[PDB]
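Contents: one structure, followed by commentary.
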Amino acid sequence: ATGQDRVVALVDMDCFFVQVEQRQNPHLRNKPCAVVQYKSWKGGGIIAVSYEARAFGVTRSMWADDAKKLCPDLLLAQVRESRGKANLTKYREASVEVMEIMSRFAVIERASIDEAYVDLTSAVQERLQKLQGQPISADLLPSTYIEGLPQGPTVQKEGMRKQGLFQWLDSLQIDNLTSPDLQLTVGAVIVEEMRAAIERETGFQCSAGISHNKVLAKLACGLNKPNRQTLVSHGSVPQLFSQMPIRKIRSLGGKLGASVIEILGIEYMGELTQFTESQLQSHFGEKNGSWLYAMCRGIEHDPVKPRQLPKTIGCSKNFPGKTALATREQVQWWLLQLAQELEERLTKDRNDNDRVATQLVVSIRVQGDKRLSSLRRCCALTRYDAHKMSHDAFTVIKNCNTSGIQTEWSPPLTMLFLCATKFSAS
DNA sequence: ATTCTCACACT
DNA sequence: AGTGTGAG
Ligand SMILES: O=c1nc[nH]c2c1ncn2[C@H]1C[C@H](O)[C@@H](COP(=O)(O)OP(=O)(O)OP(=O)(O)O)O1
Ligand SMILES: [Ca+2]
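Read in order, the letters of the first sequence are residues 2 to 154, 160 to 432 in the UniProt record's numbering.
Okay, structure coming up:
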């Protein structure tokens, strides 16, 4: 009822794509470097930045050319392109390396290519018996921060982390195997081993957050990045939330979180607490207001889905500006290339994960429209065959063509999207 | 001119 | 089925 039933962790690879390239290209280790795609336009678009390049101001979405302006010594690894489009195979396969290690300790929800939530509730219960009732040495937690500690009556980072960890472990009630703080602590000892196993078995370093739910875990993980883990206890939530901007909380990063700020006239997550649940529901709907009411008291029940494998496999490409596709055979040729990349990933999925997709979603964007997708249409995926898929995807879109000429496409297409869905056992 | 995934609520 | 939001 105080949102302390579970022990949940979120593990997040540090500058992941960069690390995959650094393990592979030793010359890039401990240097400012980014991973780019499409070198031709403004040197390439940056999709990942090491921590040494972040110190210079280089960010994602920046053009490599522009990053070179902020950081002249910046080293670049460019993504493999296949069929004219960026190919992430290398990163997906490094990701499977980690997911399989993590999955030896507890059941995982894959959250992205490089983050995963862990429910440690049963594992913690198993260790709490094996541990008799003996103290938890600080040597079990060599990279753990305790959020909100030290407090009360050293000038270097490692000095502060130790003191906070000392105070936490001192006031720790190791005789009471049902106290939620002691469970987080044992969750944190498990994440330490999990993280040591990941770095040993892959060379990949990661940060992690430990708390009682997914949202507090995600936030905690970002508090002491890179290569560290943060425990956030229920007790720390009032002070943590009291100056936490609303947009930092997962799902509040967008238009909803902006309405909360404007409608309620607040800036910080802790300001939500003064409102009744019914007031929050009248403003944002039953589900959103219920969710906010509990979340601002550190309580959320969205759980760790037992799911390590994506649910849709999709292939898309943007054609911005003067590169928009304007002729029918252009559209035909790119749909083919997408279906091919899509085929290559579907058959690898059928062999590894014992399933087949059964519906083909095709989406397109017309020059002049506003939104991610202009139009969605679907059809049957019966055969993993690139030429049928592209033939079928064209068929279910050819009548979007406002043009009167057969050979031309108007309005020209600025995005093409093919997505396999509705998997079944095989 | 970032681009590219993937998930889910609502209808 | 098709649209819209959110996040990595
Ligand atoms: O806006 C984005 N547009 C396209 N792709 C994106 C975007 N944002 C994240 N991604 C994908 C690829 C990225 O390599 C991976 C890791 O994302 P993410 O955890 O936010 O950053 P990161 O691992 O590169 O470094 P860090 O964790 O230290 O912030 O997610
Ligand atoms: Ca990351």
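Every residue gets a Cβ at the ideal spot worked out from N, C-alpha and C, and that includes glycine.
Check your understanding: Under three-state DSSP, which class holds residue 275?
Key -> Taking the first residue of the first sequence as 1, we reach residue 275 at position 269. Reduced to three states, the DSSP call for residue 275 is helix.
Exercise for review: Would you kindly report the start and end of the unbroken alpha helix (DSSP H) that includes residue 224?
Suggested key: The residue given as residue 224 occupies position 218 in the first sequence. Here the alpha helix (DSSP H) through residue 224 covers 220-227.
**Study point:** Length of the line joining the Cα atoms of residue 214 and residue 338
**Key:** Here residue 214 is taken as the residue at index 208 of the first sequence, counted from 1. Here residue 338 is taken as the residue at index 332 of the first sequence, counted from 1. Between residue 214 and residue 338, the C-alpha separation is close to 45 Å.
Practice item. Can you tell me which of 379, 142 and 232 puts its alpha carbon nearest to the alpha carbon of residue 15? Key: For this step, residue 15 is matched to residue 14 along the first sequence. Cα-wise, what sits closest to residue 15 is 232.
Check your understanding: In the structure shown, what three-state DSSP assignment does residue 180 receive?
Key -> Along the first sequence, one-based indexing puts residue 180 at 174. Residue state, collapsed to three classes: coil.
**Study point:** Distance cut-off 8 Å: residue 103 Cβ against heavy atoms of ligand 1
**Key:** Position 102 of the first sequence, counting from 1, holds the residue named residue 103. No; taking the cut-off as 8 Å, the Cβ of residue 103 has no heavy atom of ligand 1 nearer than that.
Review point. With respect to 8 Å, is the separation between the Cβ of residue 446 and the closest non-hydrogen atom of ligand 1 below this value?
Key: Nothing about residue 446 can be read from this structure; the chain reaches only from 2 to 432.
Check your understanding: Whole alpha helix (DSSP H) runs in the stretch 280-328 with 4 or more residues, listed along the chain?
Key -> 283-290 and 292-301
Review point. How big is the Cα-Cα spacing for residue 141 and residue 423?
Key: To locate residue 141, count along the first sequence from 1; it is residue 140. To locate residue 423, count along the first sequence from 1; it is residue 417. So the two alpha carbons sit approximately 48 Å from each other.
Exercise for review: Could you name the residues of the same chain whose beta carbon sits closer than 6 Å to that of residue 63, not counting the 5 residues immediately before and after it, in chain order?
Suggested key: Position 62 of the first sequence, counted from the first residue, corresponds to residue 63. Closer than 6 Å at Cβ, skipping near neighbours: 47.
Point to revise | Coarse secondary structure for residue 365, derived from DSSP in three states | key: Position 359 of the first sequence, counted from the start, is the residue given in the question as residue 365. It is a strand residue.
Check your understanding: So the beta strand (DSSP E) residue 215 belongs to, where does it begin and stop?
Key -> Start at 1 with the first residue of the first sequence, and residue 215 comes out as number 209. Looking at the DSSP string, the run of the beta strand (DSSP E) that includes residue 215 is 212-217.
Check your understanding: Hey, how far is the Cα of residue 6 from the Cα of residue 220?
Key -> Here residue 6 refers to the residue found at position 5 of the first sequence. Here residue 220 refers to the residue found at position 214 of the first sequence. Roughly 12 Å separates the two Cα atoms.
Check your understanding: Going by the beta-carbon positions, is the gap between residue 139 and residue 171 smaller than 9 Å?
Key -> For the purposes of this step, residue 139 is identified with residue 138 of the first sequence, where counting begins at 1. For the purposes of this step, residue 171 is identified with residue 165 of the first sequence, where counting begins at 1. Yes, the Cβ-Cβ distance between residue 139 and residue 171 is below 9 Å.
Check your understanding: DSSP three-state call for residue 72: helix, strand or coil?
Key -> For the purposes of this step, residue 72 is taken as the residue at position 71 of the first sequence. Coil.
Review point. In terms of alpha-carbon separation, which member of 60, 45, 28 and 126 lies closest to residue 51?
Key: Locating residue 51 in the first sequence gives position 50, counting from the first residue. Nearest option by C-alpha distance: 60.
Practice item. Drop a sphere of 10 angstroms on the beta-carbon of residue 145, count the other beta-carbons inside from all chains shown, and report buried for 16 or more, exposed for fewer. Key: As a working note, residue 145 is residue 144 in the first sequence. Residue 145 comes out buried.
**Study point:** Local Cβ density within 10 Å of residue 218, reported as buried at 16 or more and exposed below that
**Key:** Sequence index remark: in the first sequence, residue 218 carries index 212 (1-based). Classification for residue 218: buried.
Point to revise | Beta-carbon proximity list for residue 38, same chain, < 8 Å, skipping 5 on both sides | key: For the purposes of this step, residue 38 is taken as the residue at position 37 of the first sequence. Excluding positions up to five away in sequence, the list reads 45, 46, 48, 79, 80, 82 and 87.
Check your understanding: Which one of 23, 398 and 12 has the shortest CA to CA distance from residue 110?
Key -> One-based indexing of the first sequence puts residue 110 at position 109. Checking every option, the nearest Cα to that of residue 110 belongs to 12.
Exercise for review: Pick helix, strand or coil for residue 25, following the three-state DSSP scheme.
Suggested key: For the purposes of this step, residue 25 is identified with residue 24 of the first sequence, where counting begins at 1. Looking at residue 25 - three-state DSSP - the assignment turns out to be helix.
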